[PDB]
Amino acid sequence: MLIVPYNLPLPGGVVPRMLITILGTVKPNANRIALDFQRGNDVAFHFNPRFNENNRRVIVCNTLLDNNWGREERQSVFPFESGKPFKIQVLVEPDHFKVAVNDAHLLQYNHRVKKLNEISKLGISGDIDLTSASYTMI
Ligand SMILES: CC(=O)N[C@H]1[C@H](O[C@H]2[C@@H](O)[C@@H](CO)O[C@@H](O[C@H]3[C@H](O)[C@@H](O)[C@H](O)O[C@@H]3CO)[C@@H]2O)O[C@H](CO)[C@@H](O)[C@@H]1O[C@@H]1O[C@H](CO)[C@H](O)[C@H](O)[C@H]1O
Ligand SMILES: [Cl-]
């Protein structure tokens, strides 16, 4: 088991064909999960499943630049379940991050941060038991 929050270095940043795989289990009564792809203090891609926002479940995605959050992108398709094992795959493509959960396509997030090779950390945080976090080039 990994300790959360967990930092995964992404050496030399991200690049198309880089596949990041996160395995874990959502805690019972979870409130949130966050994946934060970081460029220094900025968050190039924030992926934030929320389990109770006004008693609804929603994934919020955004970018943090100079400590300001941008315009949120919201997805109501919500494949996570409290208590249950999940797999998140983030595949870097030329124009977006492409996210699949449990082998099903979920969403894409267009690159707002252009310096992919400076997005050199992934923070994994929130209400999970984290089993593994890794990357490979496909
Ligand atoms: C309060 C909180 O949860 N802080 C988190 C931070 O959460 C923000 C993001 O999810 C953004 C993405 O757009 O939304 C913010 O809420 C919006 C909300 O969606 C809007 O409807 C509303 O109108 O505005 C608010 C705020 O603009 C969330 O507050 O996400 C970051 C990245 O994961 C977290 O780091 C932060 O938690 C803090 O992290 C610190 C270390 O990084 C410390 O752990 C600190 O104690 C945490 O509170
Ligand atoms: Cl940039």
# chains A, B, ... in the order shown; residues from 1 in each chain; ligands from 1
>>> residues_near_ligand(ligand="ligand 1", cutoff="7 Å", atoms="only C-alpha atoms and all ligand atoms", output="list in words")
residues 34, 35, 36, 46, 48, 60, 61, 62, 69, 70 and 72 of chain A
>>> residues_around(residues="residue 19 in chain A", least_positions_apart="5", cutoff="12 Å", atoms="only C-alpha atoms", output="PyMOL selection string")
chain A and resi 10+14+88-93+97-100+133-138
>>> write_last_selection(atoms="N, CA and C atoms", output="mmCIF file, in the first residue's frame")
data_model
loop_
_atom_site.group_PDB
_atom_site.id
_atom_site.type_symbol
_atom_site.label_atom_id
_atom_site.label_comp_id
_atom_site.auth_asym_id
_atom_site.auth_seq_id
_atom_site.Cartn_x
_atom_site.Cartn_y
_atom_site.Cartn_z
ATOM 1 N N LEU A 10 7.404 12.676 -12.538
ATOM 2 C CA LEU A 10 7.290 12.445 -13.967
ATOM 3 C C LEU A 10 8.511 13.068 -14.652
ATOM 4 N N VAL A 14 5.550 15.303 -18.964
ATOM 5 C CA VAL A 14 4.784 14.386 -19.781
ATOM 6 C C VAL A 14 4.972 14.632 -21.274
ATOM 7 N N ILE A 88 -7.506 3.955 -12.777
ATOM 8 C CA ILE A 88 -7.527 5.165 -13.590
ATOM 9 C C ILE A 88 -6.332 5.111 -14.541
ATOM 10 N N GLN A 89 -6.600 5.281 -15.833
ATOM 11 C CA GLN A 89 -5.543 5.375 -16.809
ATOM 12 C C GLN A 89 -5.615 6.761 -17.417
ATOM 13 N N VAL A 90 -4.506 7.482 -17.345
ATOM 14 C CA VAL A 90 -4.394 8.787 -17.995
ATOM 15 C C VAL A 90 -3.373 8.662 -19.136
ATOM 16 N N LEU A 91 -3.843 8.808 -20.360
ATOM 17 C CA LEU A 91 -2.986 8.712 -21.510
ATOM 18 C C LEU A 91 -2.779 10.106 -22.046
ATOM 19 N N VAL A 92 -1.525 10.517 -22.117
ATOM 20 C CA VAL A 92 -1.196 11.819 -22.686
ATOM 21 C C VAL A 92 -1.232 11.748 -24.209
ATOM 22 N N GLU A 93 -2.051 12.605 -24.809
ATOM 23 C CA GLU A 93 -2.131 12.696 -26.268
ATOM 24 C C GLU A 93 -1.715 14.116 -26.703
ATOM 25 N N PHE A 97 -5.160 15.353 -22.227
ATOM 26 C CA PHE A 97 -5.134 14.147 -21.398
ATOM 27 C C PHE A 97 -6.403 13.338 -21.629
ATOM 28 N N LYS A 98 -6.244 12.047 -21.888
ATOM 29 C CA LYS A 98 -7.382 11.156 -22.067
ATOM 30 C C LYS A 98 -7.496 10.206 -20.878
ATOM 31 N N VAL A 99 -8.646 10.230 -20.206
ATOM 32 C CA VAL A 99 -8.857 9.460 -18.976
ATOM 33 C C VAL A 99 -9.859 8.313 -19.200
ATOM 34 N N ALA A 100 -9.436 7.105 -18.849
ATOM 35 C CA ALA A 100 -10.309 5.941 -18.738
ATOM 36 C C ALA A 100 -10.322 5.408 -17.320
ATOM 37 N N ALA A 133 0.907 3.317 -8.357
ATOM 38 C CA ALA A 133 0.925 4.459 -9.272
ATOM 39 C C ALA A 133 2.179 4.373 -10.123
ATOM 40 N N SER A 134 2.012 4.277 -11.432
ATOM 41 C CA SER A 134 3.158 4.055 -12.307
ATOM 42 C C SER A 134 2.883 4.621 -13.695
ATOM 43 N N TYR A 135 3.908 4.603 -14.541
ATOM 44 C CA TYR A 135 3.749 5.069 -15.915
ATOM 45 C C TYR A 135 4.531 4.159 -16.839
ATOM 46 N N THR A 136 4.133 4.169 -18.096
ATOM 47 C CA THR A 136 4.883 3.500 -19.132
ATOM 48 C C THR A 136 4.690 4.254 -20.439
ATOM 49 N N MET A 137 5.612 4.057 -21.373
ATOM 50 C CA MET A 137 5.476 4.642 -22.703
ATOM 51 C C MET A 137 4.856 3.597 -23.598
ATOM 52 N N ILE A 138 3.754 3.930 -24.268
ATOM 53 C CA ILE A 138 3.126 3.000 -25.202
ATOM 54 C C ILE A 138 3.305 3.437 -26.666
#
>>> closest_atom_pairs(of="chain A", to="ligand 2", cutoff="9 Å", atoms="only C-alpha atoms and all ligand atoms", output="JSON lines")
{"residue": "A:39", "atom": "CA", "partner": "ligand 2", "partner_atom_place_in_ligand_line": "1 (Cl)", "distance": 8.7}
{"residue": "A:44", "atom": "CA", "partner": "ligand 2", "partner_atom_place_in_ligand_line": "1 (Cl)", "distance": 8.5}
{"residue": "A:112", "atom": "CA", "partner": "ligand 2", "partner_atom_place_in_ligand_line": "1 (Cl)", "distance": 7.3}
{"residue": "A:113", "atom": "CA", "partner": "ligand 2", "partner_atom_place_in_ligand_line": "1 (Cl)", "distance": 4.1}
{"residue": "A:114", "atom": "CA", "partner": "ligand 2", "partner_atom_place_in_ligand_line": "1 (Cl)", "distance": 3.9}
{"residue": "A:115", "atom": "CA", "partner": "ligand 2", "partner_atom_place_in_ligand_line": "1 (Cl)", "distance": 4.4}
{"residue": "A:116", "atom": "CA", "partner": "ligand 2", "partner_atom_place_in_ligand_line": "1 (Cl)", "distance": 7.5}
{"residue": "A:118", "atom": "CA", "partner": "ligand 2", "partner_atom_place_in_ligand_line": "1 (Cl)", "distance": 8.3}
>>> closest_residue(among="A:24, A:49, A:83, A:94", to="residue 2 in chain A", atoms="only C-alpha atoms")
A:24
>>> residues_around(residues="range 75-77 of chain A", least_positions_apart="6", cutoff="8 Å", atoms="only C-alpha atoms", output="PyMOL selection string")
chain A and resi 57-60+106-107
>>> write_last_selection(atoms="C-alpha atoms", output="JSON list (two decimals), in the first residue's frame")
[["chain", "number", "residue", "atom", "x", "y", "z"],
["A", 57, "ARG", "CA", -21.57, 12.89, -7.68],
["A", 58, "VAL", "CA", -19.52, 14.79, -10.24],
["A", 59, "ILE", "CA", -16.01, 14.94, -11.61],
["A", 60, "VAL", "CA", -14.48, 18.41, -11.68],
["A", 106, "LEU", "CA", -14.41, 8.68, -19.29],
["A", 107, "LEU", "CA", -13.20, 12.10, -20.46]]
>>> atom_distance(atom1="CA of residue 129 in chain A", atom2="CA of residue 9 in chain A")
19.5 Å
